[PDB]
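Remarks on the structure that follows.
Proteins come first, then strands; the chains are lettered A, B, ... in the order of their sequence lines, and each starts at number 1.
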Amino acid sequence: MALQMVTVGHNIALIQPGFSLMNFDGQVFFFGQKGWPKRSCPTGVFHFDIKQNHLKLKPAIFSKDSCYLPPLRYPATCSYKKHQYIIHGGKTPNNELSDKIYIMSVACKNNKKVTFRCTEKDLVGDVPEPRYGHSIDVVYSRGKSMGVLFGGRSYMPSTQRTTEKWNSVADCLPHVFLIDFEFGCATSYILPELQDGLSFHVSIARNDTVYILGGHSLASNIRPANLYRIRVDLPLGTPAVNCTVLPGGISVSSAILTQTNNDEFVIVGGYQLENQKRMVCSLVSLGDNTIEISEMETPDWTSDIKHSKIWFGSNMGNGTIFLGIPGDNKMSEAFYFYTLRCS
Amino acid sequence: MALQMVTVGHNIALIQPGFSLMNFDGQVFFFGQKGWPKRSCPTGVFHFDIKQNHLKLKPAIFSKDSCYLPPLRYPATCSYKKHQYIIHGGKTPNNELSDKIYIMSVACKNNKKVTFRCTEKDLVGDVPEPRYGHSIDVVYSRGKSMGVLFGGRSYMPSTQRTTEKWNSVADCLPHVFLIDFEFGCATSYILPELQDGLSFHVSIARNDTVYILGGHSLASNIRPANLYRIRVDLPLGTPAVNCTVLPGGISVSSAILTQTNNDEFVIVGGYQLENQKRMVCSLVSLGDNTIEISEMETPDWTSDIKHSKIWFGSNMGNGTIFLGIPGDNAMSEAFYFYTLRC
Amino acid sequence: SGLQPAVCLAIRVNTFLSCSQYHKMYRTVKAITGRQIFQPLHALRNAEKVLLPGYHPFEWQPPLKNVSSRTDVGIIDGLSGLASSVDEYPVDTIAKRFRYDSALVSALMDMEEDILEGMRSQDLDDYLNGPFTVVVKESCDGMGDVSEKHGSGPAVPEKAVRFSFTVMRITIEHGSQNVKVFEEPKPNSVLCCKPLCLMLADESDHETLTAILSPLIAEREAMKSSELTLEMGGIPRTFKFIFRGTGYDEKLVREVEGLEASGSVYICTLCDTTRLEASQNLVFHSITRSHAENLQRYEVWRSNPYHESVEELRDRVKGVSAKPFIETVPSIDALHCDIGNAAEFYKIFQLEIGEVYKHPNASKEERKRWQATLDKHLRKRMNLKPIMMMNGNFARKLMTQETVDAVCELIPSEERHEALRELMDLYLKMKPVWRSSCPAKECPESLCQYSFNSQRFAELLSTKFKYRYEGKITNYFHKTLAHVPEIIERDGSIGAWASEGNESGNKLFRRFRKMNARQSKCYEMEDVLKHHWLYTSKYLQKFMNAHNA
Amino acid sequence: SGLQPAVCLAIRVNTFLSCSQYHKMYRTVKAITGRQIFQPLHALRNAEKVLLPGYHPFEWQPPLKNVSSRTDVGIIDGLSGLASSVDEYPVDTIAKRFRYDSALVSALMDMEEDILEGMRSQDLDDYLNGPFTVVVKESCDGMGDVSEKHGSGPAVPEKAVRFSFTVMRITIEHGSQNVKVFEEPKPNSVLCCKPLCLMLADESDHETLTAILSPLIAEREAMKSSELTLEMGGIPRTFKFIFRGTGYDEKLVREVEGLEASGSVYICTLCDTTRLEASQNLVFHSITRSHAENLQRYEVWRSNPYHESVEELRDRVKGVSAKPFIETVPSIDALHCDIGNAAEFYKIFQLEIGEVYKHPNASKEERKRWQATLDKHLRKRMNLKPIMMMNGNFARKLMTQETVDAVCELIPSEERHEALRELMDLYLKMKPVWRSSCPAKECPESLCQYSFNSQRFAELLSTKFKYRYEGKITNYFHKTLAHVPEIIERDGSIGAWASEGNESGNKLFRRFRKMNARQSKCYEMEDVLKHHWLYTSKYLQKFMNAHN
DNA sequence: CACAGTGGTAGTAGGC
DNA sequence: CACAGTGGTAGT
DNA sequence: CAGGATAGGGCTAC
DNA sequence: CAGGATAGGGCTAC
DNA sequence: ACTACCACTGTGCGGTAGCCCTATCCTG
DNA sequence: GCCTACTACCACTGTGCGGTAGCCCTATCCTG
Ligand SMILES: [Mg+2]
Ligand SMILES: [Mg+2]
Ligand SMILES: [Mg+2]
Ligand SMILES: [Mg+2]
Ligand SMILES: [Zn+2]
Ligand SMILES: [Zn+2]
């Protein structure tokens with residue numbers, strides 16, 4: 001809705017597609033920097049401080065017991081609750097996929113210079129696989145919080161992976177991994193509703209259900225207008241997860257999801273297909289067992305954006321959307337950036 | 001003596017070897033600019049303003065009755081008494097040589113906008129061939145006055161100029177043209193003492209006489225340490241001229257001549273050889289009929305200077321020498337500049 | 001069954017083979033086949049002697065004023081005796097030139113075959129010593145980014161100047177008709193722009209430029225006054241020379257024609273009009289600026305006989321404050337015209353993206369954002385990468401209705417769409433004229449309607465681009481709109497007379513400096529000049545065209 | 001007649017003849033002589049197949065993990081299935097690569113005759129199938145100023161990355177000793193650095209670089225753990241492979257070996273020493289680092305198993321904050337060592353001109369004035385012009401005793417004159433060692449005395465130049481002084497293992513992109529790679545040395 | 001101690 | 001309407 | 001008002 | 001304190 | 001074996017990142 | 001005696017590496 005071109009001159013080159021913002025008590029934090037962490041910010045996590053619509057990436061630091069995680073681009077970022085961000089998968093700047101989980105909590109807040117605890121979490125049980133473009137989102141069944149990890153892109157399995165098609169990605173087997181974090185375990189669930197691998201799909205967990213929206217399936221190269229609803233029921237014993245392919249789903253990929261109000265998210269941006277990006281921001285108003293994908297007032301998209309073949313971003317967290325578009329000339333102006341404040 | 005590295009701004013590219021400074025106003029004016037006068041300074045003349053070792057070439061302007069003379073490289077520049085400046089010859093930026101004389105007077109001083117009546121004095125008689133590196137200098141004999149134009153390179157005559165040696169210069173026949181600016185009449189004089197055509201010589205004009213001093217003879221490619229004294233007499237007849245090669249001369253060329261104090265000059269720089277430029281200054285003290293070329297204390301030439309093959313300059317007029325040296329050549333700064341005061 | 005030295009030289013040259021690469025190939029073919037198929041390097045140099053200036057005896061029956069009658073001089077020093085004495089003006093320049101008369105003789109005797117072929121095609125006895133008027137396009141250009149070399153030699157600038165000449169048309173006066181026994185079909189070809197002086201100077205350095213060229217200009221002025229008796233085909237043919245200095249970029253024209261820089265109130269190297277008057281009238285301007293007029297005007301400037309202030313004096317001489325040292329033709333560099341006009345259309349596209357017809361008070365950064373929008377789009381649609389400085393290829397890809405159709409996707413006003421599409425339709429109905437080598441043949445209907453199309457273009461700049469063109473106008477728009485019809489009536493073509501040849505030859509200058517020249521300041525220009533002369537030798541281009549004939 | 005298509009192709013490529021110019025020459029010859037001396041372009045293009053990868057049948061035992069056994073694979077998209085989808089990372093790069101398998105195979109089969117000649121010259125049966133250890137000089141360098149072309153395709157940077165490989169040393173195990181059946185006589189020749197991947201990317205763009213090269217690195221690791229059976233000279237010969245990644249400049253080494261930039265307090269890609277420690281010790285440093293150690297150290301940095309601050313953690317890993325992407329050898333880029341050491345000597349000259357040993361502080365523009373003095377003089381005396389960024393030829397005309405004499409002419413203190421002359425005498429008693437392709441055979445006692453001359457260089461640096469080397473030292477001085485002897489006793493040479501070859505290959509990449517390739521983004525890299533492989537063909541080079 | 005040129009002499013090998 | 005390539009590929 | 005960012009320059013590599 | 005330099009940006013060519 | 005086609009080239013044309021350390025600056 | 005062919009020599013190249021100049025008009029900024 002409220003579009004405003006952001007300015008950043010220093011550390012701009014670090015904002016690459018696949019970056020993942022994390023809202024920690026209003027303080028927005030960049031992650032997924034371009035390249036490996038430089039000694040300016042050896043962590044790769046930055047304060048995403050937009051003042052007067054000028055963006056400053058302030059080098060953040062980590063805890064001592066922290067795991068200095070790699071800059072993961074296109075990982076699965078959720079908020080477990082503490083308010084620690086789960087980060088699964090992602091492309092290590094070596095174009096390696098991370099099987100690791102990274103629970104980035106905030107350990108200490110001083111100067112508004114926040115120290116992080118990027119605790120590595122290993123996944124006992126059914127480790128999903130090294131993947132990216134996937135979704136992780138915590139459901140809350142019976143007071144038990146459990147990450148729901150739905151597939152994204154992964155490199156071909158090392159058995160089928162060839163160097164002539166090394167970086168060839170396949171949408172992971174569409175499975176719903178129940179990542180337990182108090183148990184560090186993951187449990188895959190082959191849902192018959194999810195048989196077309198997805199990636200770069202916006203995912204919305206409200207209480208116990210994860211609305212998987214849009215996405216892209218390489219097995220089809222289409223962005224299916226699907227709205228899978230993965231309802232998770234966690235009894236004390238073996239869990240349960242049931243998907244229901246609801247209608248009204250939108251065909252969008254790489255979309256950004258920001259919660260404007262409680263149970264009212266905005267799926268802005270993304271892609272309807274390759275050379276046609278979703279320039280129509282959508283509203284997703286949720287309920288206990290319902291979901292409505294409206295079509296918000298298409299923002300005053302700048303010509304730079306309307307004509308930007310590629311466009312990426314992440315949910316700053318409050319109601320805002322950081323949104324970058326390649327504006328390169330070939331050069332610390334590769335990506336012209338914008339903030340879309342919704343409500 | 002006081003070598004002061006000078007900074008130039010926005011116009012450093014115009015200061016080229018062969019430039020001429022003219023001291024009217026007590027404020028020095030730069031005339032011979034690189035290339036033709038750009039509409040920034042359509043006149044080529046500039047307010048040469050050294051202020052705190054910074055050079056500000058402020059575009060001057062000419063009068064209405066003026067001739068917008070070309071930027072002449074290595075012309076024959078003299079002050080003449082009004083306080084005009086004679087500019088004979090020089091390489092027009094088209095590498096042509098001017099035959100015209102240009103008399104830069106001064107009028108309409110606005111405290112910022114000094115203007116020059118750059119009259120064009122044309123010569124009738126034994127007009128000096130288009131040349132440069134020569135030395136026009138005004139003598140005052142019997143209250144009258146004449147300009148002793150001597151020497152100078154000139155392109156080979158069109159009767160003998162070939163396009164394969166088009167820019168080949170011959171030291172003009174050694175002749176002392178008495179140039180009557182009173183009427184613009186050039187009277188040439190063959191003097192046997194001047195056997196070799198000189199150029200880029202210093203010329204020190206005391207009353208009635210011009211001390212030619214340390215030029216470069218191209219026929220020989222040598223810088224003779226001669227001190228020819230052209231004694232000019234104007235007894236309201238055929239203007240008599242007797243040259244006299246004096247012992248005490250110095251083998252220099254393209255040297256800058258300042259008049260620090262009256263009857264006393266400083267010959268700074270120049271060249272003793274293409275192999276070695278002249279680092280020793282030379283005090284030239286003048287008596288009404290004598291000359292003594294002492295050797296001043298060699299200023300503390302900056303290594304920038306000491307190790308610059310080429311170095312050019314001009315007498316600002318306050319006993320000081322604006323001398324430049326080739327700088328770091330892509331477009332860092334064509335030359336570094338210094339105001340060696342004395 | 002070996003090849004001749006001349007044809008092996010043609011191969012070496014036109015195939016850009018260095019003498020080292022050619023020797024590798026030759027020794028390889030000699031050691032593999034066992035027989036000498038290619039002629040060794042020494043034979044190639046002995047052949048070059050024939051194609052290079054200073055071989056064919058010639059005589060100007062009016063002996064060239066100030067030019068040596070010697071017909072043996074080839075690659076002489078471009079300094080031309082310029083005193084490198086330390087007392088003199090520093091010659092920070094390496095210039096190697098051919099003597100213009102020797103060079104013309106070698107160029108003719110190189111196209112001797114073509115001259116006779118065209119005399120025969122015209123049913124004219126190929127023994128006619130009639131006076132051939134050789135219309136030559138003398139073309140100078142500056143080229144920077146000329147990496148200076150280590151080694152002994154003057155501290156030359158990283159900038160060069162290629163004075164070239166293109167024999168454009170040889171017309172013999174057969175009594176009642178000026179039949180053209182030769183006409184350069186590809187006049188802007190690099191195979192025809194014959195190098196005449198490779199100076200390692202800046203064209204902005206007027207002092208050095210003049211020191212180096214005024215010999216060429218003196219040879220040119222002498223040859224303007226002489227007939228060249230030259231023995232070709234066994235007959236002593238005589239050639240008159242019409243030199244036409246059109247291959248000069250307007251910057252260089254103004255430099256050498258005594259004019260103020262391109263930026264100026266005085267806008268054309270052809271007419272004595274002001275940028276304002278040129279943005280108001282925009283078509284009806286007569287070609288007035290001649291080298292002779294510019295000389296008279298510099299003499300007026302220097303002399304200021306009417307005791308006029310610098311302003312009224314400069315408006316009397318109309319910007320001629322410097323002295324001309326080259327007699328360029330009042331003409332249009334079709335190359336740099338297309339480039340400047342495409343840069344102006346690029347700016348127009350920027351401003352239409354910015355709707356400067358509505359918001360003429362942008363701030364230096366939305367202007368940059370419009371430039372970036374245009375960059376991204378032309379890269380997306382027209383596949384045009386954003387280049388720092390408009391080149392001719394970007395220009396001829398940008399001056400297409402395809403490019404306007406793309407750019408209009410960035411303008412939210414179909415009115416401006418129509419304006420831009422009309423502007424480009426007119427510009428593309430006009431460009432064939434001042435780009436064709438013979439518009440009366442390549443685009444006669446565009447030349448017929450060029451006055452009308454240019455009037456329409458000018459009123460479209462005055463109406464729908466009142467911004468960017470109220471009281472201001474690019475020099476090349478003025479040339480395109482006002483002078484082209486007259487330049488065609490005068491010279492029959494404009495693109496034929498472009499610097500495109502000498503510029504394209506800058507590419508070969510670079511290629512030969514890197515790959516066909518001794519990498520020494522003392523020899524680079526000599527070798528490049530030699531090899532770029534051989535490259536432009538039609539004698540060798542024939543051998544390389546024997547596949548056809 | 002008498003000219004086979006392979007010979008015509010050798011003439012074409014080695015003479016840098018474009019197919020277009022070669023066709024001009026061939027048709028001109030065919031029209032003038034009538035005979036078809038030169039073979040037509042199609043015959044050349046068919047001969048290329050024999051020389052390009054994807055022609056000779058080979059196998060790997062064990063078969064390469066994650067590598068296609070398909071021997072029909074020549075030039076492939078370096079993207080390697082990398083999705084250019086808008087949803088994915090915006091890969092803006094034209095990458096074309098030979099499959100490392102096929103590239104090694106074609107490079108060997110191209111040296112088939114050379115290998116046989118050398119095993120005959122080594123008193124061996126040229127029918128030996130014994131395992132040849134093929135020591136390969138992996139070489140990668142970013143180029144820059146690689147002007148991108150208009151047209152279809154990505155918005156590639158105006159930069160390139162050329163992963164090459166020089167087969168440096170084929171040695172067969174003839175019982176006990178590893179007899180060397182082939183040694184690249186000119187290892188840093190552009191005629192030998194076989195191109196393997198040309199990507200229109202930036203080496204500083206680690207994401208793209210890695211996406212393009214990790215196929216190559218995967219092939220390289222597979223080949224390390226395998227043995228290439230290849231039908232050479234009618235016999236199936238087995239080639240073990242030793243990939244020595246050394247033609248990487250220190251910047252790129254650090255990028256790919258997980259290290260901080262060269263400016264990092266952690267100064268070497270070989271030792272875990274701080275720039276300060278390296279300025280204090282300056283000669284006594286083992287070669288600590290390695291791809292395996294750097295991998296363990298990135299794993300430490302990531303897991304932080306000791307729960308350390310970023311500073312003490314960095315110290316624990318010694319600058320390895322990034323994951324080593326390439327298994328480069330902890331060696332020295334002799335080329336860029338010369339470059340950097342000469343740039344440091346150049347600055348040293350600037351300073352001596354400034355008497356900084358007397359004037360610790362000094363104006364920045366006064367330092368520019370010193371640099372201009374040095375420039376004017378080096379131009380006067382050493383005739384070598386001022387260059388923006390130091391190049392090797394400047395570093396060679398400058399790392400000269402007459403150069404230091406010229407500079408001394410700019411220094412009034414003859415004590416500094418002797419300091420500089422001794423510094424250069426030592427640097428030139430040392431430079432043969434890390435520039436010689438075989439210092440044991442080109443500068444044996446300059447090497448035996450290398451530890452001593454380096455100790456003396458360090459003494460002079462920390463005593464007579466301590467205004468420049470107190471708590472700081474250039475990384476290439478540290479390498480030159482500390483690690484060169486270790487690298488000699490390990491690799492046998494340093495110059496042989498330099499990026500020099502791949503940089504000359506950058507020259508030829510420019511030449512081929514401008515004059516021997518389709519000027520379209522879709523095909524520039526494919527064609528440049530094809531032609532630069534042929535240029536490096538020892539077979540075509542043989543044909544071009546037929547006069548011998 | 002990079003190396004493959006870069007071309008034009010200079011000089012040196014062969015043929016007569 | 002610059003033009004001479006630039007190499008492969010298809011098509012005579 | 002000493003501590004925690006920022007800018008900028010020196011320095012390392014390219 | 002309105003007039004005469006200066007800086008800087010727009011604009012023209014390269 | 002040629003030759004066109006292809007969509008483009010160059011000629012137009014004149015230092016970078018990163019690390020780090022310190023000097024600013026900017027606090028609550 | 002020549003004439004032709006080969007080759008060294010020279011002293012360097014590039015690969016190492018990422019908008020100018022002018023005019024001129026206006027906004028700044030002196031300026032006693
Ligand atoms: Mg020009
Ligand atoms: Mg140019
Ligand atoms: Mg590089
Ligand atoms: Mg590099
Ligand atoms: Zn006009
Ligand atoms: Zn080390």
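Comparing I:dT11, E:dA2, E:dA4 against the side chain of D:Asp338 picks out E:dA2 as the nearest. Nearest to the side chain of C:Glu503, among E:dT6, I:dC13, F:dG7, sits I:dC13. For C:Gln21, the side-chain atoms get nearest to E:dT6 when compared with the rest of E:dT6, G:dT6, I:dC20. The side chain of D:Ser520 lies closest to I:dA7 when the candidates are F:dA4, F:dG7, I:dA7. Distance from the side chain of C:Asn188 is smallest for F:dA2 among the nucleotides J:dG18, F:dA2, H:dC14. Listed nucleotides I:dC20, J:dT15, F:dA4 differ in distance to D:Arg314; the shortest reach to its side chain belongs to I:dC20. For D:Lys472, the side-chain atoms get nearest to G:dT12 when compared with the rest of H:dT12, I:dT11, G:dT12. Among F:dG7, J:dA5, F:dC1, the nucleotide with an atom closest to any side-chain atom of C:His42 is J:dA5. The side chain of C:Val265 approaches J:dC25 more closely than any other nucleotide in the set J:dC25, J:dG16, I:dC8. Considering only the side chain of C:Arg518, E:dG8 comes nearest among J:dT7, I:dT11, E:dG8.
Contact annotation for D:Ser436: base contact, defined as any heavy-atom pair under 4.0 Å involving a base atom. Note on D:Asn14: only backbone sugar-phosphate atoms sit closer than 4.0 angstrom, heavy atoms only; bases stay farther off. The residue D:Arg468 sits close only to the backbone: its heavy atoms come under 4.0 Å of sugar-phosphate atoms, none of a base. Note on C:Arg254: nothing from the nucleic acid sits closer than 4.0 angstrom, heavy atoms only. Among the protein residues, D:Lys364 comes within range of the sugar-phosphate backbone only, with heavy atoms under 4.0 Å from sugar or phosphate atoms but none that close to a base. Counting any heavy atom pair closer than 4.0 Å across all strands shown, C:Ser446 reaches no nucleic acid atom. Note on D:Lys429: nothing from the nucleic acid sits closer than 4.0 angstrom, heavy atoms only. At the heavy-atom level, D:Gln39 lies nowhere under 4.0 Å from the strands shown. Residue D:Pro40 is classed as a sugar-phosphate contact, given heavy-atom separations below 4.0 Å to backbone atoms only. Residue contacts for D:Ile387: at a heavy-atom cut-off of 4.0 Å it reaches no nucleic acid atom on any strand shown. C:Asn383 comes within 4.0 angstrom of sugar-phosphate atoms only, judged by non-hydrogen atoms across all strands, and of no base. Within the nucleic acid shown, D:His336 comes within 4.0 Å of sugar-phosphate atoms alone, with no base atom in reach, counting heavy atoms only. Residue C:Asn506 is classed as a sugar-phosphate contact, given heavy-atom separations below 4.0 Å to backbone atoms only. Residue-level contact check: D:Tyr476 touches the backbone only, with heavy atoms under 4.0 Å from sugar-phosphate atoms and none from bases.
D:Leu276 has its CG atom 10 Å from the P atom of I:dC21, to the nearest Å. Between the NZ atom of C:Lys186 and the P atom of F:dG5 there is a distance of 10 Å, given to the nearest Å. As a whole-Å value, the separation of A:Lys330 NZ from I:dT16 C1' is 15 Å. If you take CD of C:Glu255 and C1' of H:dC14, they are 9 Å apart, rounded to a whole angstrom. Nucleotide H:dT12 holds its P atom 8 Å from the CD1 atom of C:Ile473, rounded to whole Å. The interatomic distance linking D:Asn341 (CG) with G:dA13 (P) rounds to 8 Å, in whole Å. One interatomic measurement links the two molecules: CZ of D:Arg511 to P of F:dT6, which rounds to 11 Å at whole-angstrom precision.
The base of I:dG10 sits with one of its N or O atoms less than 3.5 Å from a complementary donor or acceptor on the side chain of C:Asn393. Checked by distance alone, D:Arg396 brings a side-chain donor or acceptor within 3.5 Å of a matching partner on the base of J:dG16. Residue-to-nucleotide contacts include a donor-acceptor pair under 3.5 Å from the side chain of D:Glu500 to the base of J:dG16. Checked by distance alone, D:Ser504 brings a side-chain donor or acceptor within 3.5 Å of a matching partner on the base of J:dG16.
Comment: C:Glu48 engages C:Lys530 in a salt bridge, judged by a side-chain N to carboxylate O separation of less than 4.0 angstrom. At a threshold of 4.0 Å, the pair D:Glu250-D:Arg254 counts as salt-bridged, since one of the basic side-chain nitrogens sits closer than that to a carboxylate oxygen. A salt bridge is defined here as a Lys NZ or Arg NE, NH1 or NH2 lying under 4.0 Å from an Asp or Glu carboxylate O, and D:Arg435 with D:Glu442 fails to meet this definition. Note on C:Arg162 versus C:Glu203: no salt bridge recorded, every NZ/NE/NH1/NH2 to OD/OE distance being 4.0 Å or above. Comment: C:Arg396 engages C:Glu500 in a salt bridge, judged by a side-chain N to carboxylate O separation of less than 4.0 angstrom. Under the 4.0 Å criterion applied to side-chain N and carboxylate O atoms, D:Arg468 and D:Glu344 are assigned as salt-bridge partners. Contact check on D:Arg518 versus D:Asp527 returns a salt bridge, with a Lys/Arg side-chain nitrogen under 4.0 Å from an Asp/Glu carboxylate oxygen.
D:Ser18 places a side-chain N or O within donor-acceptor distance of the main-chain N or O of D:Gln21, the cut-off being under 3.5 Å.
Stacking of C:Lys397 on the aromatic ring of C:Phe394 is not recorded, the 6.0 Å distance cut-off and the 45° axial limit not both being met.
For B:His10, the NE2 atom is loosely surrounded, since the number of other residues' heavy atoms within 6.0 Å does not exceed 12.
In this entry J:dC12 carries a north-puckered sugar, per its positive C1'-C2'-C3'-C4' angle. With respect to the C1'-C2'-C3'-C4' torsion, I:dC2 shows a south sugar, the value lying on the negative side. The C1'-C2'-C3'-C4' torsion of J:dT15 is positive. Its sugar is therefore classed as north. Because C1'-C2'-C3'-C4' is positive for I:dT16, its sugar is assigned to the north class. The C1'-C2'-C3'-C4' dihedral of E:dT6 is positive. Its furanose therefore counts as north.
Using P as the reference atom, J:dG18 and G:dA13 are 16 Å apart when rounded to the nearest Å. Taking the P atoms as reference points, E:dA4 lies 25 Å from F:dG8, given to the whole Å. Only the P atoms considered, I:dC13 is 7 Å distant from H:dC14, to the nearest whole Å. I:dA4 and J:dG22: their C1' atoms are spaced 47 Å apart (whole Å).
Nearer the 5' end of DNA chain F, as judged by each residue's closest nucleotide, is the contact made by C:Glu442, out of D:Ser18 and C:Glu442. Toward the 5′ end of DNA chain I lies the nearest nucleotide of C:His547, the other residue of the pair C:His547 and D:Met390 mapping further downstream. Mapping C:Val433 and C:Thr15 onto DNA chain F via the closest heavy atom, the residue that lands nearer the 5' end is C:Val433.
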Both distances under 3.5 Å, Watson-Crick or G-U wobble: on that basis, could you give the dot-bracket string for DNA chain J, with [ ] for crossing pairs and | for other-strand partners? |||||||||||||||...||||||||||||||

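When ring centroids are compared, C:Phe16 and C:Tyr535 come within the 6.0 Å threshold.
In summary, of the residues considered (C:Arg513, C:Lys521, C:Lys159), a salt bridge (charged side-chain N to carboxylate O under 4.0 Å, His left out) with C:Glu148 occurs for C:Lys521 alone.
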